[PDB]
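Participant: Quick one: the structure is below, questions incoming.
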Amino acid sequence: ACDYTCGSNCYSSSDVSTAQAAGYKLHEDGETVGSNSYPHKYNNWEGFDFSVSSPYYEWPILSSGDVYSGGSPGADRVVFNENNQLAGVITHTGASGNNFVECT
Ligand SMILES: [Ca+2]
């Protein structure tokens with residue numbers, strides 16, 4: 001069973017934790033990776049019900065289980081705040097353009 005399902009992608013809590021930790025470290029270090037410079041700010045204009053406060057940052061979570069190191073980021077993202085709190089898991093999958101929908 002999946003803890004988070006992003007379209008057809010299946011993620012376990014452990015997967016989320018690993019991705020989050022990588023993203024947060026880069027954030028602390030004032031560093032970014034990839035052509036789209038992740039991690040980057042995330043604006044909650046869609047109003048997802050995140051129980052944690054902003055600012056929020058987004059970092060790619062890969063279907064493969066590997067930690068994002070540049071290259072194609074896919075459609076899935078983990079969202080964390082300034083305090084390294086998990087805000088949620090979201091995806092471009094099933095959303096128009098560059099918009100997002102929440103992973104279930
Ligand atoms: Ca996995």
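We name chains A, B, ... following the order of the structure tokens; residues begin at 1 in each chain, and ligands are numbered from 1 as shown.
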Write out as a PDB file with N, CA and C atoms, in the first residue's frame each polymer residue (protein, DNA or RNA) that has an atom no more than 12 Å from ligand 1, with only C-alpha atoms and all ligand atoms counted.
Facilitator:
ATOM      1  N   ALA A   1       0.828  -1.185   0.000  1.00  0.00           N
ATOM      2  CA  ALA A   1       0.000   0.000   0.000  1.00  0.00           C
ATOM      3  C   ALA A   1       0.872   1.247   0.000  1.00  0.00           C
ATOM      4  N   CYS A   2       0.360   2.321  -0.624  1.00  0.00           N
ATOM      5  CA  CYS A   2       1.078   3.575  -0.712  1.00  0.00           C
ATOM      6  C   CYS A   2       0.664   4.535   0.383  1.00  0.00           C
ATOM      7  N   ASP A   3       1.644   5.271   0.932  1.00  0.00           N
ATOM      8  CA  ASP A   3       1.343   6.253   1.943  1.00  0.00           C
ATOM      9  C   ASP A   3       0.849   7.510   1.225  1.00  0.00           C
ATOM     10  N   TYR A   4       1.385   7.704   0.016  1.00  0.00           N
ATOM     11  CA  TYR A   4       1.059   8.814  -0.873  1.00  0.00           C
ATOM     12  C   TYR A   4       1.017   8.310  -2.301  1.00  0.00           C
ATOM     13  N   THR A   5      -0.041   8.641  -3.014  1.00  0.00           N
ATOM     14  CA  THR A   5      -0.161   8.229  -4.399  1.00  0.00           C
ATOM     15  C   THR A   5      -0.239   9.466  -5.266  1.00  0.00           C
ATOM     16  N   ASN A   9       2.172   7.173  -9.316  1.00  0.00           N
ATOM     17  CA  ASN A   9       3.368   6.989  -8.501  1.00  0.00           C
ATOM     18  C   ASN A   9       2.995   6.632  -7.061  1.00  0.00           C
ATOM     19  N   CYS A  10       3.701   5.659  -6.497  1.00  0.00           N
ATOM     20  CA  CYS A  10       3.464   5.160  -5.141  1.00  0.00           C
ATOM     21  C   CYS A  10       4.631   5.486  -4.245  1.00  0.00           C
ATOM     22  N   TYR A  11       4.347   6.156  -3.125  1.00  0.00           N
ATOM     23  CA  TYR A  11       5.404   6.524  -2.196  1.00  0.00           C
ATOM     24  C   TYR A  11       5.105   6.091  -0.772  1.00  0.00           C
ATOM     25  N   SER A  12       6.171   5.681  -0.085  1.00  0.00           N
ATOM     26  CA  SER A  12       6.060   5.292   1.296  1.00  0.00           C
ATOM     27  C   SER A  12       6.553   6.462   2.106  1.00  0.00           C
ATOM     28  N   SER A  13       6.247   6.449   3.392  1.00  0.00           N
ATOM     29  CA  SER A  13       6.691   7.518   4.265  1.00  0.00           C
ATOM     30  C   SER A  13       8.194   7.668   4.211  1.00  0.00           C
ATOM     31  N   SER A  14       8.882   6.525   4.173  1.00  0.00           N
ATOM     32  CA  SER A  14      10.328   6.495   4.113  1.00  0.00           C
ATOM     33  C   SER A  14      10.838   7.229   2.899  1.00  0.00           C
ATOM     34  N   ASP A  15      10.106   7.117   1.793  1.00  0.00           N
ATOM     35  CA  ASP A  15      10.515   7.796   0.577  1.00  0.00           C
ATOM     36  C   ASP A  15      10.398   9.298   0.757  1.00  0.00           C
ATOM     37  N   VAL A  16       9.305   9.706   1.394  1.00  0.00           N
ATOM     38  CA  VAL A  16       9.045  11.104   1.643  1.00  0.00           C
ATOM     39  C   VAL A  16      10.128  11.676   2.553  1.00  0.00           C
ATOM     40  N   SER A  17      10.414  10.961   3.635  1.00  0.00           N
ATOM     41  CA  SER A  17      11.440  11.378   4.583  1.00  0.00           C
ATOM     42  C   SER A  17      12.808  11.583   3.961  1.00  0.00           C
ATOM     43  N   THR A  18      13.212  10.686   3.098  1.00  0.00           N
ATOM     44  CA  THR A  18      14.501  10.798   2.465  1.00  0.00           C
ATOM     45  C   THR A  18      14.595  12.004   1.570  1.00  0.00           C
ATOM     46  N   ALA A  19      13.557  12.207   0.756  1.00  0.00           N
ATOM     47  CA  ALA A  19      13.489  13.338  -0.172  1.00  0.00           C
ATOM     48  C   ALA A  19      13.516  14.645   0.615  1.00  0.00           C
ATOM     49  N   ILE A  61      10.526  14.616  -5.698  1.00  0.00           N
ATOM     50  CA  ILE A  61      10.506  13.258  -5.161  1.00  0.00           C
ATOM     51  C   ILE A  61      10.392  12.368  -6.403  1.00  0.00           C
ATOM     52  N   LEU A  62      11.348  11.442  -6.567  1.00  0.00           N
ATOM     53  CA  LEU A  62      11.383  10.592  -7.745  1.00  0.00           C
ATOM     54  C   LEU A  62      10.700   9.246  -7.591  1.00  0.00           C
ATOM     55  N   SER A  63       9.934   8.848  -8.618  1.00  0.00           N
ATOM     56  CA  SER A  63       9.244   7.573  -8.577  1.00  0.00           C
ATOM     57  C   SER A  63      10.205   6.414  -8.288  1.00  0.00           C
ATOM     58  N   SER A  64      11.435   6.550  -8.779  1.00  0.00           N
ATOM     59  CA  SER A  64      12.461   5.549  -8.623  1.00  0.00           C
ATOM     60  C   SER A  64      12.968   5.317  -7.225  1.00  0.00           C
ATOM     61  N   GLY A  65      12.771   6.263  -6.332  1.00  0.00           N
ATOM     62  CA  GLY A  65      13.272   6.084  -4.984  1.00  0.00           C
ATOM     63  C   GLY A  65      14.624   6.773  -4.839  1.00  0.00           C
ATOM     64  N   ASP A  66      15.207   7.195  -5.960  1.00  0.00           N
ATOM     65  CA  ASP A  66      16.482   7.883  -5.878  1.00  0.00           C
ATOM     66  C   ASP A  66      16.236   9.338  -5.491  1.00  0.00           C
ATOM     67  N   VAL A  67      17.265   9.947  -4.896  1.00  0.00           N
ATOM     68  CA  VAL A  67      17.186  11.341  -4.503  1.00  0.00           C
ATOM     69  C   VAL A  67      17.534  12.187  -5.722  1.00  0.00           C
TER      70      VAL A  67
END
Participant: Find the nearest atom pair between each residue of segment 54-81 of chain A and segment 30-43 of chain A for residues within 9 Å, count only C-alpha atoms, give distances in Å to one decimal, sort rows by chain and ascending number, and present the table as a tab-separated table.
Facilitator:
residue	atom	partner	partner_atom	distance
A:54	CA	A:43	CA	8.7
A:55	CA	A:41	CA	7.4
A:56	CA	A:42	CA	5.2
A:57	CA	A:41	CA	4.4
A:58	CA	A:39	CA	5.5
A:59	CA	A:39	CA	4.8
A:60	CA	A:38	CA	7.5
A:68	CA	A:33	CA	8.3
A:69	CA	A:33	CA	6.5
A:70	CA	A:34	CA	4.1
A:71	CA	A:34	CA	6.1
A:72	CA	A:34	CA	7.9
A:73	CA	A:34	CA	8.0
A:79	CA	A:42	CA	7.6
Participant: Keeping N, CA and C atoms for every residue in the selection just given, could you write it to a file as an mmCIF file, in the first residue's frame?
Facilitator:
data_model
loop_
_atom_site.group_PDB
_atom_site.id
_atom_site.type_symbol
_atom_site.label_atom_id
_atom_site.label_comp_id
_atom_site.auth_asym_id
_atom_site.auth_seq_id
_atom_site.Cartn_x
_atom_site.Cartn_y
_atom_site.Cartn_z
ATOM 1 N N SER A 54 4.041 28.706 6.450
ATOM 2 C CA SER A 54 4.973 29.044 5.395
ATOM 3 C C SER A 54 6.125 29.800 6.030
ATOM 4 N N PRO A 55 7.150 30.126 5.262
ATOM 5 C CA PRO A 55 7.255 29.803 3.869
ATOM 6 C C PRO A 55 7.361 28.301 3.649
ATOM 7 N N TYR A 56 7.026 27.915 2.423
ATOM 8 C CA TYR A 56 7.100 26.554 1.965
ATOM 9 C C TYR A 56 8.101 26.511 0.834
ATOM 10 N N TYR A 57 8.726 25.346 0.688
ATOM 11 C CA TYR A 57 9.686 25.077 -0.363
ATOM 12 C C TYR A 57 9.342 23.730 -1.003
ATOM 13 N N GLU A 58 9.568 23.610 -2.313
ATOM 14 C CA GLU A 58 9.277 22.365 -3.005
ATOM 15 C C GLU A 58 10.542 21.693 -3.488
ATOM 16 N N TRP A 59 10.554 20.358 -3.411
ATOM 17 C CA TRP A 59 11.706 19.575 -3.833
ATOM 18 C C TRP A 59 11.206 18.308 -4.515
ATOM 19 N N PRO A 60 11.808 17.940 -5.632
ATOM 20 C CA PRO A 60 11.357 16.766 -6.338
ATOM 21 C C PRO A 60 11.559 15.457 -5.596
ATOM 22 N N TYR A 68 16.742 13.231 -5.925
ATOM 23 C CA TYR A 68 16.904 14.139 -7.045
ATOM 24 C C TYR A 68 18.286 14.762 -7.068
ATOM 25 N N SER A 69 18.970 14.621 -8.189
ATOM 26 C CA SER A 69 20.305 15.159 -8.322
ATOM 27 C C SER A 69 20.524 15.957 -9.594
ATOM 28 N N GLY A 70 19.459 16.474 -10.155
ATOM 29 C CA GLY A 70 19.554 17.243 -11.381
ATOM 30 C C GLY A 70 18.819 16.437 -12.432
ATOM 31 N N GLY A 71 18.830 16.849 -13.671
ATOM 32 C CA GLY A 71 18.094 16.009 -14.590
ATOM 33 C C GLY A 71 16.596 16.262 -14.456
ATOM 34 N N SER A 72 15.799 15.449 -15.121
ATOM 35 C CA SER A 72 14.372 15.643 -15.069
ATOM 36 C C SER A 72 13.828 15.437 -13.692
ATOM 37 N N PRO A 73 13.058 16.401 -13.216
ATOM 38 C CA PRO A 73 12.478 16.344 -11.893
ATOM 39 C C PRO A 73 11.166 15.581 -11.812
ATOM 40 N N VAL A 79 6.637 19.081 -0.143
ATOM 41 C CA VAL A 79 6.629 20.473 0.280
ATOM 42 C C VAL A 79 6.970 20.507 1.764
#
Participant: Record the distance separating atom CA of residue 86 of chain A and atom CA of residue 29 of chain A, expressed in Å with one decimal.
Facilitator: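 These two atoms are separated by 18.6 Å.
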Participant: So which residues touch residue 88 of chain A within 8 Å, counting only C-alpha atoms, skipping near sequence neighbours fewer than 4 positions away, as a ChimeraX atom specification?
Facilitator: /A:50,78-80,102
Participant: Considering only helix (DSSP H, G or I) as DSSP defines it on the backbone, what residues of chain A qualify? List them as an mmCIF file with N, CA and C atoms, in the first residue's frame.
Facilitator:
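Final output, part_18.cif:
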data_model
loop_
_atom_site.group_PDB
_atom_site.id
_atom_site.type_symbol
_atom_site.label_atom_id
_atom_site.label_comp_id
_atom_site.auth_asym_id
_atom_site.auth_seq_id
_atom_site.Cartn_x
_atom_site.Cartn_y
_atom_site.Cartn_z
ATOM 1 N N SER A 13 6.247 6.449 3.392
ATOM 2 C CA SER A 13 6.691 7.518 4.265
ATOM 3 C C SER A 13 8.194 7.668 4.211
ATOM 4 N N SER A 14 8.882 6.525 4.173
ATOM 5 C CA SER A 14 10.328 6.495 4.113
ATOM 6 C C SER A 14 10.838 7.229 2.899
ATOM 7 N N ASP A 15 10.106 7.117 1.793
ATOM 8 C CA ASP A 15 10.515 7.796 0.577
ATOM 9 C C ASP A 15 10.398 9.298 0.757
ATOM 10 N N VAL A 16 9.305 9.706 1.394
ATOM 11 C CA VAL A 16 9.045 11.104 1.643
ATOM 12 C C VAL A 16 10.128 11.676 2.553
ATOM 13 N N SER A 17 10.414 10.961 3.635
ATOM 14 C CA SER A 17 11.440 11.378 4.583
ATOM 15 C C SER A 17 12.808 11.583 3.961
ATOM 16 N N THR A 18 13.212 10.686 3.098
ATOM 17 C CA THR A 18 14.501 10.798 2.465
ATOM 18 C C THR A 18 14.595 12.004 1.570
ATOM 19 N N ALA A 19 13.557 12.207 0.756
ATOM 20 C CA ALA A 19 13.489 13.338 -0.172
ATOM 21 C C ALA A 19 13.516 14.645 0.615
ATOM 22 N N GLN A 20 12.706 14.698 1.657
ATOM 23 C CA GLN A 20 12.634 15.882 2.485
ATOM 24 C C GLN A 20 13.977 16.274 3.059
ATOM 25 N N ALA A 21 14.664 15.290 3.592
ATOM 26 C CA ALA A 21 15.954 15.508 4.186
ATOM 27 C C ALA A 21 16.988 16.030 3.203
ATOM 28 N N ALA A 22 16.931 15.560 1.961
ATOM 29 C CA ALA A 22 17.894 16.028 0.997
ATOM 30 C C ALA A 22 17.611 17.475 0.650
ATOM 31 N N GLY A 23 16.324 17.744 0.402
ATOM 32 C CA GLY A 23 15.866 19.072 0.046
ATOM 33 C C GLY A 23 16.175 20.082 1.147
ATOM 34 N N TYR A 24 15.885 19.713 2.391
ATOM 35 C CA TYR A 24 16.138 20.613 3.495
ATOM 36 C C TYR A 24 17.609 20.963 3.677
ATOM 37 N N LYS A 25 18.489 19.987 3.475
ATOM 38 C CA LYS A 25 19.925 20.195 3.610
ATOM 39 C C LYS A 25 20.424 21.222 2.623
ATOM 40 N N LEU A 26 19.965 21.101 1.370
ATOM 41 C CA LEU A 26 20.369 22.025 0.329
ATOM 42 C C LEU A 26 19.875 23.398 0.681
ATOM 43 N N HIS A 27 18.652 23.452 1.214
ATOM 44 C CA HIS A 27 18.050 24.698 1.628
ATOM 45 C C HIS A 27 18.915 25.412 2.684
ATOM 46 N N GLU A 28 19.337 24.649 3.692
ATOM 47 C CA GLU A 28 20.169 25.155 4.763
ATOM 48 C C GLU A 28 21.455 25.699 4.190
#
Participant: Please compute the atom CA of residue 90 of chain A-atom CA of residue 104 of chain A distance, one decimal, in Å.
Facilitator: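 Value for the atom CA of residue 90 of chain A-atom CA of residue 104 of chain A distance: 8.6 Å.
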Participant: If I take atom CA of residue 101 of chain A and atom CA of residue 83 of chain A, how far is one from the other in Å, to one decimal?
Facilitator: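 Computing it gives 23.2 Å between the two atoms.
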Participant: Taking the backbone alone, and naming residues the way the document does, which bits of chain A are strand (DSSP E) by DSSP, as a list in words?
Facilitator: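 Result set for chain A (strand (DSSP E)): residues 4, 5, 6, 9, 10, 11, 40, 41, 42, 56, 57, 58, 59, 60, 76, 77, 78, 79, 80, 81, 86, 87, 88, 89, 90, 91, 101 and 102 of chain A.
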Participant: Keeping only C-alpha atoms, take the residues you just selected and write them out as an mmCIF file, in the first residue's frame.
Facilitator:
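Generated file (part-v3.cif):
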data_model
loop_
_atom_site.group_PDB
_atom_site.id
_atom_site.type_symbol
_atom_site.label_atom_id
_atom_site.label_comp_id
_atom_site.auth_asym_id
_atom_site.auth_seq_id
_atom_site.Cartn_x
_atom_site.Cartn_y
_atom_site.Cartn_z
ATOM 1 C CA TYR A 4 1.059 8.814 -0.873
ATOM 2 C CA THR A 5 -0.161 8.229 -4.399
ATOM 3 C CA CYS A 6 0.785 10.813 -7.041
ATOM 4 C CA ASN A 9 3.368 6.989 -8.501
ATOM 5 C CA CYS A 10 3.464 5.160 -5.141
ATOM 6 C CA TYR A 11 5.404 6.524 -2.196
ATOM 7 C CA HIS A 40 12.581 26.579 -4.523
ATOM 8 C CA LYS A 41 9.833 28.615 -3.002
ATOM 9 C CA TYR A 42 6.317 27.249 -3.164
ATOM 10 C CA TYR A 56 7.100 26.554 1.965
ATOM 11 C CA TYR A 57 9.686 25.077 -0.363
ATOM 12 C CA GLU A 58 9.277 22.365 -3.005
ATOM 13 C CA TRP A 59 11.706 19.575 -3.833
ATOM 14 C CA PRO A 60 11.357 16.766 -6.338
ATOM 15 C CA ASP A 76 6.081 14.958 -7.977
ATOM 16 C CA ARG A 77 7.138 17.233 -5.166
ATOM 17 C CA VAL A 78 7.463 17.192 -1.437
ATOM 18 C CA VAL A 79 6.629 20.473 0.280
ATOM 19 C CA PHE A 80 8.440 21.443 3.487
ATOM 20 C CA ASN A 81 8.593 24.655 5.528
ATOM 21 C CA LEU A 86 6.427 18.272 6.147
ATOM 22 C CA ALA A 87 3.712 20.326 4.582
ATOM 23 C CA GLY A 88 2.575 17.763 2.034
ATOM 24 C CA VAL A 89 3.152 15.848 -1.183
ATOM 25 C CA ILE A 90 1.882 17.297 -4.437
ATOM 26 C CA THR A 91 1.926 16.724 -8.167
ATOM 27 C CA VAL A 101 -2.988 18.763 -7.217
ATOM 28 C CA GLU A 102 -2.389 16.982 -3.960
#
